[PDB]
Amino acid sequence: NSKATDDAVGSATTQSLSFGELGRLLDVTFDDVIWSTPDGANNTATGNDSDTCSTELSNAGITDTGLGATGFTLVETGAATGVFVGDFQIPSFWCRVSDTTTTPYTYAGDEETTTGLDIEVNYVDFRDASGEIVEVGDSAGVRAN
Amino acid sequence: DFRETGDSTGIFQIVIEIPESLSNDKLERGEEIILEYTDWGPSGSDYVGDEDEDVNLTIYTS
């Protein structure tokens, strides 16, 4: 909770540089916002009622509070294949990040459904075909019936 | 930020998402947007510094 690379695939060791954050390799977002667990010092907002977003999720039986809590890892398919695969399961509710410019993040006071929001994954290539730093991504839609 | 489209092209490209709200003020339909670049070192200048020339681009929200 004391580093800018929280709930993302990468390293706790990090630095702030021009291209972005040096310890970040991959992360997952709902509605272009980092999918993170409501933990730390800035999770005291209760929203409309007197219940904080963290206990608000717990009452719904959700254990997949963020990407770090699903046990998501990138695993290489072979010893020297160069292809990495990870997986996890979409939750019913999630807690939005109000402000990303503070460490730890500040979380909202009310849980929100994941239905009708897009899901995205972002990968940062430290070395492209030219040896320079670029970010690439993919998107998809969460639906309901 | 800007990056060349090859080793020797002199052409730089960037991908920008059209914002919803820049400064807590939301954009309107058909709004006039101007892109301005100050080329310190135009054809006019003898050294980089000296004179300037402004190159403009206009774009619309639908």
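Asks: Pulling in residues and values, what's your account of the overall build of chain A?
Replies: Each helix and strand counted, chain A has one helix and 11 strands in total. Helices and strands in chain A line up, N terminus first, as β-β-β-α-β-β-β-β-β-β-β-β. Scaling as 2.2 N^0.38, a compact globule of 145 residues should have a C-alpha radius of gyration of about 15 Å, and chain A matches this with 16 Å. Taken along its principal axes, the extent of the C-alpha atoms in chain A is 50 × 35 × 25 Å. Taking all 145 residues of chain A together, the buried fraction comes to 28%. Once local pairs closer than 6 in sequence are excluded, the contacts in chain A between residues at least 24 apart make up 52%.

Asks: Please give an account of the overall build of chain B that cites residues and values.
Replies: Secondary structure summary: chain B contains zero helices and four strands in total. Against the compact-globule benchmark of 11 Å for 62 residues, chain B has a radius of gyration of 16 Å, which places it well outside the compact range. A buried classification covers 8% of the 62 residues belonging to chain B. Considering only contacts within chain B whose residues lie at least 6 apart along the sequence, 28% involve residues at least 24 apart. By element, 50% of the accessible surface of chain B is carried by carbon and sulfur atoms, the whole surface being about 5700 Å².

Asks: For the packing of aromatic side chains, give the residues involved together with the corresponding values.
Replies: Residue and element names in this part refer to chain A. Counting across every chain of the model gives six aromatic pairs over all chains. With 5.5 Å between their ring centres and 50° between their planes, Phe30 and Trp94 make a pair best called tilted. Taken together, the residues span a long stretch of sequence, with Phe30 in strand 2 (residues 24–30) and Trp94 in strand 6 (residues 93–94) at a distance of 64 residues. Taking relative accessible area as the criterion, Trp94 reaches 0% and is therefore assigned buried.

Asks: Please set out the state of the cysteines residue by residue, giving values where relevant.
Replies: Residues and elements named next belong to chain A. In total, this model carries one disulfide over all chains according to the counting rule given. Covalent S-S linkage joins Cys53 and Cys95, the inter-sulfur distance amounting to 2.0 Å. Placement of the pair is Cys53 in helix 1 (residues 53–58) and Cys95 in the loop between strand 6 and strand 7 (97–99), with a sequence separation of 42 residues. One exposure class covers both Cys53 and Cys95, and it is buried.

Asks: So what about the nonpolar core? Which residues, and what values?
Replies: Inside soluble globular proteins, nonpolar side chains tend to come together where they are buried. All names here are of chain A. Of all hydrophobic cores here, the largest spans 19 residues; its most connected members are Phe30, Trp35, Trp94 and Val97. Taken together, the elements giving at least two residues each to this core come down to strand 2, strand 3 (33–34) and helix 1. Sorting elements by how many residues they give to this core places strand 2 first, with three residues. Sequence-distant contacts of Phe30, defined by excluding residues within four places in its chain, comprise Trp35, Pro91, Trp94, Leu117, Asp118 and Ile119.

Asks: Can you explain the pattern of salt bridges? Please cite residues and give values.
Replies: Here the structure, examined in full by the defined rule, presents five salt bridges over all chains. Through salt bridges with shared partners, a single network forms among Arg24, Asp27 and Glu135 of chain A.

Asks: If you had to explain the side chain of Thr61 of chain B to someone new, which residues and values would you point to?
Replies: Residue and element names in this part refer to chain B. Residue position: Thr61 is located in the segment after strand 4 (54–60). The class of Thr61 is buried, set by a relative accessible area of 15%. Within the structure, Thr61 has its side chain in polar contact with the backbone oxygen of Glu28 (distance 2.8 Å). Filtering out sequence-adjacent residues up to four positions away, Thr61 remains in contact with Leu27, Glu28, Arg29, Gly30, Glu31 and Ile33.

Asks: Just give me the short version of the side chain of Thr37 of chain A, but keep the residues and values in it.
Replies: All names here are of chain A. Mapped onto the secondary structure, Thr37 falls in the loop between strand 3 and helix 1. By relative accessible area, which is 13% here, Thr37 ends up buried. One polar contact links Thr37 to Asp39, side chain to side chain, over a distance of 2.3 Å. Other than its neighbours up to four places away in sequence, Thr37 contacts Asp7, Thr65, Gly66, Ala69 and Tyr107.

Asks: I'd love a proper account of a negative patch on the surface, names of residues and values included.
Replies: Residue and element names in this part refer to chain B. Residues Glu36, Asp46, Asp50, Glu51, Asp52, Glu53 and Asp54 make up a contiguous surface patch of negative charge. Checked against the element boundaries, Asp52 lands in the loop between strand 3 (32–38) and strand 4. Residue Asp52 is classed as partly exposed on the basis of its relative accessible area of 35%.

Quick notes on the rules
Residues numbered from 1 in each chain as written, not as in the entry; some residues may be left out. Chains lettered and ligands numbered in written order. Part of a larger assembly, values for the part shown. Heavy atoms only, no water. Helix = DSSP H or I, 4+ residues; strand = E, 2+ residues; numbered from the N terminus. Rg over C-alpha atoms; globule rule 2.2 N^0.38 Å. Buried < 20%, exposed > 50% of the residue type's maximum accessible area, 1.4 Å probe, protein only. Contact = heavy atoms within 4.5 Å. Areas by Shrake-Rupley, 256 points an atom, 1.4 Å probe, with all protein chains shown as cover. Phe/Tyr/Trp six-rings, centres within 6.5 Å; stacked < 30°, edge-to-face > 60°. Disulfide = S-S within 2.5 Å. Core = buried A, V, L, I, M, F, W, Y, C linked by side-chain atoms within 4.5 Å. Salt bridge = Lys/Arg side-chain N within 4 Å of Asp/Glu carboxyl O. Polar contact = N/O pair within 3.5 Å; in protein donor to acceptor, adjacent residues only side chain to side chain. Patch = residues over 30% accessible without salt bridge, like charges linked within 9 Å, V, L, I, M, F, W, Y side chains within 5 Å. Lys, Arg positive; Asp, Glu negative; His and termini not counted. Charge placed at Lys NZ, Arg CZ, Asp CG, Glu CD.

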